[PDB]
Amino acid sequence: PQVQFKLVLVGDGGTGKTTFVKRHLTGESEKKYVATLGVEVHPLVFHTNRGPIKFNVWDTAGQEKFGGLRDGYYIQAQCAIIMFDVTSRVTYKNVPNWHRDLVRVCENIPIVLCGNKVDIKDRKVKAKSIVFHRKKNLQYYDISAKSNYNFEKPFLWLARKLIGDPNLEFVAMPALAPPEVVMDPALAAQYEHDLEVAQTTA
């Protein structure tokens, strides 16, 4: 039995949404363009200890702002990723706008917030400054699409929430495009610790 979920990937233009979803090579080769909506749906299979899960990831073809996506985009969304760029504070300021736009149409679906491009040393939205809330349907991760850093974590968290199994594991990583940049491991270690503390002090 294969379960599938519609996942809406939203966020300001230029934050790396397309670069991120395209890391999953089979999802890219089997992507479907939806002409009526201007959307590419990437069917991303992940292999868990309980069988395969498919996240059908909706990625926009344009540079829409919050509230600028056609209505069909959000219809029957079962989970979401909101993405911003840690080198552009405006894209983070707009995260609450995307979040509000989501909860208006989809109500209580699990959502992951992703700060992308953490491979860039000059980080403007610092790990310690990331706003954490009491929401149990919300989670944050740093990511670097171009290095595959933390690529699987948003999907693993959503899968655990959706399936209701906090011990769900991926038994193998998906085939990903080779990294194009290096994620500095000292920064990664520091970011991860900084986030544990901000996630714990709240």
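Don't overthink the numbering: it's just position in the shown sequence, from 1.
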If you average the Cα B factors in the entry, which is higher, 129 to 137 or 165 to 173? 129 to 137
Tell me which of 177 to 185 and 16 to 24 has the higher mean C-alpha B-factor in the deposited entry. 177 to 185
Between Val103, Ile82, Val118, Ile75, which carries the biggest CA temperature factor in the record? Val103
Can you tell me which of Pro43, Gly38, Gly67, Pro154 has the maximum CA B-factor listed in the PDB entry? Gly67
By the entry's values, the third containing the CA B factor of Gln63 is the highest
Is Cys114 in the lowest, middle or highest third of its chain when residues are ranked by C-alpha B-factor? lowest
Of the three thirds of the chain ranked by Cα temperature factor, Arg50 occupies the highest
